[PDB]
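Enquirer: Starting off with a structure, shown below.
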Amino acid sequence: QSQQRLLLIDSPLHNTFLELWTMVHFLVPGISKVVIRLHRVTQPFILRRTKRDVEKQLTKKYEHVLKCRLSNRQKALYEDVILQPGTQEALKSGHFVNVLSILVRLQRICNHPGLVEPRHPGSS
Amino acid sequence: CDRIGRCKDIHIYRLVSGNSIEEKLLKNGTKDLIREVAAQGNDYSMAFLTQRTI
């Protein structure tokens, strides 16, 4: 028992008019170029909008890419890695994808020498 | 990350090592998806090697 009804939907399907007709019927029980006419028929009961409204609508996102050079240890490790038998692997010698991924991972962890090269105390 | 910082002028900082393949991967990271062909011997991305060298 209700005098009014309100429905929320993210987005409906274009084709498969069965669902649209069923929804329109269940909105109110008083009903028994293609896309253009379909939209024209759904004019009296429709209210849709796009995300173009977000422009200047308090939606303020900021991203700043900061460039940072490498340290002497990082330079040394990078030169060592690139200057290794892996050169032939980097030149597509065998298992290209695997060796490329391995080299990418190595260079990735090389962003800090403490990871690949753990500095340890010089006990006596 | 964007969801947790849904509003209030969020500031995102990204640190990338200069003069390294990290910058190349950042600017171009679609290589992983372009090579979605059967794994275990893809052997693609011939011209893309220029990014690894630089």
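Just remember, in the structure tokens the first chain shown is A, the second B, etc., residues are 1-based per chain, and ligands are 1-based in the order shown.
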Up to 10 Å from chain A, what residues of chain B turn up? Count only C-alpha atoms and give them as a short mmCIF file (atom, residue, chain, number, x, y, z; two decimals) with N, CA and C atoms, in the first residue's frame.
Expert:
```
data_model
loop_
_atom_site.label_atom_id
_atom_site.label_comp_id
_atom_site.auth_asym_id
_atom_site.auth_seq_id
_atom_site.Cartn_x
_atom_site.Cartn_y
_atom_site.Cartn_z
N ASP B 2 41.43 7.06 -4.25
CA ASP B 2 40.55 8.18 -4.54
C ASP B 2 39.29 8.12 -3.70
N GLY B 5 39.97 9.32 -0.18
CA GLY B 5 40.09 10.75 -0.32
C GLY B 5 39.01 11.32 -1.21
N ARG B 6 37.75 11.00 -0.90
CA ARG B 6 36.65 11.35 -1.79
C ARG B 6 36.52 12.85 -2.03
N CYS B 7 36.86 13.69 -1.05
CA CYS B 7 36.65 15.12 -1.17
C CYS B 7 37.76 15.87 -0.43
N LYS B 8 37.59 17.20 -0.34
CA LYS B 8 38.46 18.08 0.43
C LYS B 8 39.84 18.23 -0.22
N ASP B 9 39.85 18.44 -1.53
CA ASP B 9 41.05 18.83 -2.27
C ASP B 9 42.24 17.93 -1.95
N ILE B 10 42.11 16.65 -2.29
CA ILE B 10 43.16 15.68 -1.98
C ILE B 10 44.39 15.97 -2.83
N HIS B 11 45.57 15.67 -2.27
CA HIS B 11 46.85 15.86 -2.95
C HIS B 11 47.55 14.51 -3.04
N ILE B 12 47.83 14.07 -4.26
CA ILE B 12 48.51 12.81 -4.52
C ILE B 12 49.91 13.11 -5.04
N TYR B 13 50.92 12.55 -4.37
CA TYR B 13 52.31 12.68 -4.79
C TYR B 13 52.83 11.32 -5.25
N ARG B 14 53.59 11.32 -6.34
CA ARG B 14 54.17 10.10 -6.89
C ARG B 14 55.66 10.29 -7.08
N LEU B 15 56.45 9.40 -6.50
CA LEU B 15 57.91 9.45 -6.58
C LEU B 15 58.38 8.43 -7.62
N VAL B 16 59.12 8.91 -8.61
CA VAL B 16 59.65 8.06 -9.68
C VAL B 16 61.13 8.36 -9.84
N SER B 17 61.94 7.31 -9.93
CA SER B 17 63.38 7.48 -10.10
C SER B 17 63.69 8.03 -11.48
N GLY B 18 64.48 9.10 -11.52
CA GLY B 18 64.81 9.73 -12.79
C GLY B 18 65.85 8.96 -13.57
N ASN B 19 65.76 9.06 -14.89
CA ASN B 19 66.70 8.39 -15.80
C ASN B 19 66.69 6.88 -15.57
N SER B 20 65.49 6.31 -15.54
CA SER B 20 65.31 4.88 -15.33
C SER B 20 64.09 4.40 -16.10
N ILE B 21 63.97 3.08 -16.23
CA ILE B 21 62.84 2.50 -16.94
C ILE B 21 61.54 2.69 -16.18
N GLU B 22 61.61 3.10 -14.91
CA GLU B 22 60.39 3.35 -14.14
C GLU B 22 59.56 4.45 -14.79
N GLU B 23 60.21 5.52 -15.24
CA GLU B 23 59.49 6.59 -15.93
C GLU B 23 58.82 6.07 -17.20
N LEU B 25 57.83 2.98 -17.84
CA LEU B 25 56.68 2.16 -17.45
C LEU B 25 55.52 3.03 -16.99
N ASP B 32 51.81 -4.55 -20.61
CA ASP B 32 51.39 -5.77 -19.95
C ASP B 32 50.08 -6.29 -20.53
N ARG B 35 50.19 -7.54 -24.45
CA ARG B 35 50.76 -8.88 -24.61
C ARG B 35 49.94 -9.94 -23.87
N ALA B 39 50.31 -17.12 -22.65
CA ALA B 39 51.53 -16.90 -21.89
C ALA B 39 52.52 -18.04 -22.17
N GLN B 40 53.63 -18.06 -21.43
CA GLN B 40 54.66 -19.08 -21.58
C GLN B 40 55.23 -19.07 -23.01
N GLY B 41 55.84 -17.93 -23.34
CA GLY B 41 56.44 -17.75 -24.64
C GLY B 41 55.73 -16.73 -25.50
N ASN B 42 55.32 -15.61 -24.91
CA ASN B 42 54.70 -14.54 -25.68
C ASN B 42 55.62 -14.10 -26.81
N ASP B 43 56.82 -13.64 -26.45
CA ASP B 43 57.84 -13.25 -27.42
C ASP B 43 57.38 -12.08 -28.29
N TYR B 44 56.60 -11.17 -27.72
CA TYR B 44 56.13 -9.98 -28.42
C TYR B 44 56.91 -8.76 -27.94
N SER B 45 56.40 -7.57 -28.28
CA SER B 45 56.99 -6.30 -27.86
C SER B 45 58.44 -6.19 -28.31
N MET B 46 58.62 -6.23 -29.64
CA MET B 46 59.95 -6.11 -30.22
C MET B 46 60.42 -4.66 -30.23
N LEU B 49 61.32 -2.48 -26.81
CA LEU B 49 62.56 -2.65 -26.06
C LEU B 49 63.28 -1.33 -25.84
N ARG B 52 63.21 -0.15 -22.22
CA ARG B 52 64.07 -0.82 -21.25
C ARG B 52 65.50 -0.30 -21.34
N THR B 53 65.98 -0.04 -22.55
CA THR B 53 67.35 0.45 -22.72
C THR B 53 67.51 1.83 -22.10
#
```
Enquirer: Using DSSP secondary structure from the backbone, list all strand (DSSP E) positions within chain B, as a compact mmCIF listing (two decimals) with C-alpha atoms, in the first residue's frame.
Expert:
```txt
# COMPACT_ATOMS: atom_id res chain seq x y z
CA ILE B 10 43.16 15.68 -1.98
CA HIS B 11 46.85 15.86 -2.95
CA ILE B 12 48.51 12.81 -4.52
CA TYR B 13 52.31 12.68 -4.79
CA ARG B 14 54.17 10.10 -6.89
CA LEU B 15 57.91 9.45 -6.58
CA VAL B 16 59.65 8.06 -9.68
CA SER B 17 63.38 7.48 -10.10
```
Enquirer: Extract, using only C-alpha atoms, all DNA, RNA and protein residues at most 12 Å from residue 117 (chain A), discarding same-chain residues fewer than 4 positions from it, and format them as a list in words.
Expert: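 So the residues in contact are residues 73, 74, 76, 77, 106, 109, 110, 111, 112 and 113 of chain A.
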Enquirer: Using N, CA, C and O atoms, can you export the residues from the last selection as a PDB file, in the first residue's frame?
Expert:
```
ATOM      1  N   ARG A  73      74.959   4.700  -4.774  1.00  0.00           N
ATOM      2  CA  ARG A  73      74.722   3.265  -4.658  1.00  0.00           C
ATOM      3  C   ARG A  73      73.689   2.803  -5.679  1.00  0.00           C
ATOM      4  O   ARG A  73      73.840   1.746  -6.303  1.00  0.00           O
ATOM      5  N   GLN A  74      72.622   3.586  -5.855  1.00  0.00           N
ATOM      6  CA  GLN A  74      71.609   3.238  -6.844  1.00  0.00           C
ATOM      7  C   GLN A  74      72.187   3.245  -8.251  1.00  0.00           C
ATOM      8  O   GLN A  74      71.898   2.349  -9.051  1.00  0.00           O
ATOM      9  N   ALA A  76      75.300   2.703  -9.086  1.00  0.00           N
ATOM     10  CA  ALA A  76      76.177   1.543  -9.203  1.00  0.00           C
ATOM     11  C   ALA A  76      75.374   0.270  -9.431  1.00  0.00           C
ATOM     12  O   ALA A  76      75.698  -0.534 -10.312  1.00  0.00           O
ATOM     13  N   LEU A  77      74.319   0.067  -8.636  1.00  0.00           N
ATOM     14  CA  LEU A  77      73.507  -1.135  -8.790  1.00  0.00           C
ATOM     15  C   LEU A  77      72.827  -1.169 -10.153  1.00  0.00           C
ATOM     16  O   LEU A  77      72.727  -2.230 -10.778  1.00  0.00           O
ATOM     17  N   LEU A 106      63.607  -6.531 -10.972  1.00  0.00           N
ATOM     18  CA  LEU A 106      64.897  -6.215 -10.365  1.00  0.00           C
ATOM     19  C   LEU A 106      65.119  -4.709 -10.305  1.00  0.00           C
ATOM     20  O   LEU A 106      65.436  -4.156  -9.247  1.00  0.00           O
ATOM     21  N   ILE A 109      62.857  -3.135  -7.525  1.00  0.00           N
ATOM     22  CA  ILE A 109      63.384  -3.247  -6.171  1.00  0.00           C
ATOM     23  C   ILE A 109      64.702  -2.502  -6.027  1.00  0.00           C
ATOM     24  O   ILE A 109      65.119  -2.192  -4.907  1.00  0.00           O
ATOM     25  N   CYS A 110      65.374  -2.201  -7.142  1.00  0.00           N
ATOM     26  CA  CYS A 110      66.626  -1.457  -7.093  1.00  0.00           C
ATOM     27  C   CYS A 110      66.433   0.009  -6.730  1.00  0.00           C
ATOM     28  O   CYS A 110      67.430   0.722  -6.566  1.00  0.00           O
ATOM     29  N   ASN A 111      65.193   0.481  -6.602  1.00  0.00           N
ATOM     30  CA  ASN A 111      64.939   1.852  -6.178  1.00  0.00           C
ATOM     31  C   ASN A 111      65.472   2.139  -4.780  1.00  0.00           C
ATOM     32  O   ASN A 111      65.534   3.310  -4.383  1.00  0.00           O
ATOM     33  N   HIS A 112      65.859   1.109  -4.032  1.00  0.00           N
ATOM     34  CA  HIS A 112      66.515   1.275  -2.744  1.00  0.00           C
ATOM     35  C   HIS A 112      67.551   0.169  -2.577  1.00  0.00           C
ATOM     36  O   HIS A 112      67.187  -1.013  -2.535  1.00  0.00           O
ATOM     37  N   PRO A 113      68.843   0.499  -2.481  1.00  0.00           N
ATOM     38  CA  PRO A 113      69.859  -0.564  -2.416  1.00  0.00           C
ATOM     39  C   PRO A 113      69.762  -1.423  -1.170  1.00  0.00           C
ATOM     40  O   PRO A 113      70.217  -2.573  -1.198  1.00  0.00           O
TER      41      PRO A 113
END
```
